[PDB]
There are 2 protein chains.
Amino acid sequence: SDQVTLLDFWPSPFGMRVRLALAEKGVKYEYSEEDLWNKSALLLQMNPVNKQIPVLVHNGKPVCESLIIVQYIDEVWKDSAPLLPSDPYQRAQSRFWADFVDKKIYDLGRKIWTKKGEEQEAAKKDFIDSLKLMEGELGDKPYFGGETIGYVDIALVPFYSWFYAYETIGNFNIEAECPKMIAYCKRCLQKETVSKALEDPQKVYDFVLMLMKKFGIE
Amino acid sequence: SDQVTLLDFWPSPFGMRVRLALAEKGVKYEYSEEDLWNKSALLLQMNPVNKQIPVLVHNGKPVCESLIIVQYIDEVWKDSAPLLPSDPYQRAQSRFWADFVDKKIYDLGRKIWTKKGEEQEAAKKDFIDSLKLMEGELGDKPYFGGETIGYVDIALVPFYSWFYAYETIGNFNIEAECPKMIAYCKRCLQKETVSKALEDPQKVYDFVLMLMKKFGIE
Ligand SMILES: N[C@@H](CCC(=O)N[C@@H](CS)C(=O)NCC(=O)O)C(=O)O
Ligand SMILES: N[C@@H](CCC(=O)N[C@@H](CS)C(=O)NCC(=O)O)C(=O)O
């Protein structure tokens, strides 16, 4: 009747974003695993600008970038509640915080396990401040999108999959500094859509241990 | 009535995006120059999270981040031509190439004037290649938005006023490689809304000379 395809790689938090969006909005689709070393002809022709995953393919037209995909899902499949607020203002706030996750959480998270020594130390410090800022925005609400899970939650919660990696490689403990965030991420894991879309934390960690060796930054 | 204020820094291309979107949508507002290394109390109140300009303040409420502000304007002031395409699939593409500027153009741009030797030149190569990808998507249309100036145009064209500075400190010539891009940039400047919002290229260059000295880097 139209069909959709998601080109993804199991441990990508960016890909889990789109997996969760599609779940929440009830969209049926086939999932196509990729090899980041052996990129498919489909991948190259669908995202010829970045040759990266995820890519949502809708009736033969591609959409690139996890966050933009989510928004597209949200604007095209409207049988379920919107994931972004309808109010211009709040929506602007969601975009900011969903974006905050890319610019801060991912960027600093990646430095924790790629960098070393004092630099790695710096990366851990900013990482925690960033989570705390997000903790502020969450306040007392059950989700970032209020009583319902919404855009920002979809942006944020896939990264729990990578928390164990960070902590272990970076030698710090998140829950210690951010009890409220961890509690949030667990309250989310109990949603079936969330637990399914996410991947196993120690499976993720092994995969990073492997990655570190193939680049020599052990 | 509505009180609109733009906290901004005059040579910022990110704020120029906003000056332009405001002008293009016919929006009356007040400007307030912000210090770069001395946050006003106002800036600190409106953007405690990043403490960066541009911030738009609409009827007391703040909106952070260039692109998101611009989306906010498109959605709030609807009595002029929409900056973002109506069709979701095309909306996604605007979102993509506007984002693309943030990630490749600015990132590689900044590296050109802040870096030396092999790293500087490496940026210029990547810089050109990204412009050439943007050329490929411009096609033969007057604007990225087609016949009418659009969201991607507003995201990209503020950077032309920095081009002379890139070209001069990096010691290369953009037109030699991307003459189409230059042709378009030049074409854009004829639109008066664009010539009022953009600042003088030589005056920007003076200001980049200004940073390179402040931090000893020439
Ligand atoms: N900025 C992209 C992230 C895409 C990304 O980084 N994905 C990686 C794997 S998780 C990829 O596609 N790999 C391409 C490569 O490594 O060259 C988004 O948020 O959509
Ligand atoms: N990501 C922001 C860019 C903000 C930005 O980088 N602006 C700079 C000046 S152009 C700034 O506010 N600098 C202040 C600081 O570094 O503290 C956007 O898209 O608007």
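Residues numbered from 1 in each chain as written, not as in the entry; some residues may be left out. Chains lettered and ligands numbered in written order. Heavy atoms only, no water.

As stated in the entry header, the method of structure determination is X-ray crystallography and the reported resolution is 2.6290 Å.

**Student:** For this particular structure, what's the right way to read the UniProt feature "binding site: glutathione" (unreviewed entry) in chain A?
**Tutor:** All names here are of chain A. UniProt feature "binding site: glutathione" (unreviewed entry): in the numbering of this structure it lies at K39, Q52, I53 and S66. Residue position: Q52 is located in the loop between α2 (41-46) and β3 (55-58). What makes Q52 partly exposed here is its relative accessible area of 48%. The residues touching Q52, leaving out its near neighbours within four places in the chain, are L43 and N47. Among the structural elements, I53 can be located in the loop between α2 and β3. According to the relative accessible area criterion, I53 is partly exposed, its value standing at 24%. (UniProt positions renumbered as here; feature names shortened; annotations may be inferred. Helix = DSSP H or I, 4+ residues; strand = E, 2+ residues; numbered from the N terminus. Buried < 20%, exposed > 50% of the residue type's maximum accessible area, 1.4 Å probe, protein only. Contact = heavy atoms within 4.5 Å.)

**Student:** Mind showing me how you'd approach the relation of the copies chain B and chain A here?
**Tutor:** What relates the two chain copies is a rotation about an axis together with a slide along it. Of the transformation superimposing chain B on chain A, the axial component is 0.1 Å and the angular component is 179°, with the fit at an RMSD of 0.4 Å. These values place the two chain copies in the arrangement generated by a two-fold rotation axis. Comparing contact sets, 100% of the residues at the interface of chain B also lie at the interface in chain A, consistent with an isologous, same-surface contact. (Least-squares fit on C-alpha atoms.)

**Student:** So what exactly am I meant to see when it comes to the interface of chain B and chain A here?
**Tutor:** A common way to state how big an interface is: give the accessible area lost once the parts meet. Chain B puts 24 residues into the contact, and the matching count from chain A is 25 residues. For the pair chain B and chain A, the summed buried area comes to about 2200 Å², and 63% of that belongs to carbon and sulfur atoms. Across the contact surface, chain B and chain A share 6 salt bridges. Among the ionic pairs, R91(A) bridges to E75(B), the shortest N-O distance being 3.0 Å. Where chain B meets chain A, there are 12 residue pairs in polar contact. (Buried area = accessible area lost by both parts, 1.4 Å probe. Salt bridge = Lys/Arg side-chain N within 4 Å of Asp/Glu carboxyl O. Polar contact = N/O pair within 3.5 Å; in protein donor to acceptor, adjacent residues only side chain to side chain.)

**Student:** I'm lost on the environment of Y164(A) in this one. Help?
**Tutor:** Residue and element names in this part refer to chain A. Considering the arrangement of structural elements, one finds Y164 in helix α7 (residues 163-170). Take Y164: its relative accessible area is 35%, and that puts it in the partly exposed class. Through-space distance from the C-alpha of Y164 to that of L22 is 25 Å; in sequence the pair is 142 residues apart. Excluding residues that lie within four positions of it along the chain, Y164 makes contacts with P201, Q202 and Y205.

**Student:** I tried to follow the environment of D206(B) on my own but got confused; where do I start?
**Tutor:** One can find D206(B) in helix α10 (residues 201-214). C-alpha of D206(B) to C-alpha of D140(B): the two residues are 66 residues apart in sequence and 34 Å apart in space.

**Student:** Looking at this model, I keep getting lost on the nonpolar core. Mind explaining?
**Tutor:** By size, the foremost hydrophobic cluster in this structure holds 149 residues, and its most contacted members are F127(A), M134(A), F163(A), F127(B), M134(B) and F163(B). If sequence neighbours within four positions are ignored, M134(A) has contacts with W97(A), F100(A), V101(A), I105(A), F144(A), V152(A), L156(A) and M181(A). Counting residues in each nonpolar core, the second largest holds 5 residues, with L43(B), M46(B), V55(B) and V57(B) among its members. (Core = buried A, V, L, I, M, F, W, Y, C linked by side-chain atoms within 4.5 Å.)

**Student:** Is there a simple way to explain the site of ligand 1 in this structure?
**Tutor:** All names here are of chain A. Neighbouring ligand 1 are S12, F14, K39, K51, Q52, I53, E65 and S66. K39 places a polar side-chain atom, nitrogen or oxygen, 3.0 Å from an oxygen atom of ligand 1. Between a nitrogen atom of ligand 1 and a side-chain N or O atom of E65, the distance comes to 3.0 Å. Against a free-state accessible area of 520 Å², the protein chains account for coverage of 74% of ligand 1. A class-by-class count of the residues in the shell around ligand 1 yields 2 nonpolar, 3 polar and 3 charged. (Near = heavy atom within 4 Å. Areas by Shrake-Rupley, 256 points an atom, 1.4 Å probe, with all protein chains shown as cover. Nonpolar A, V, L, I, M, F, W, Y, C, P; charged D, E, K, R; others polar.)

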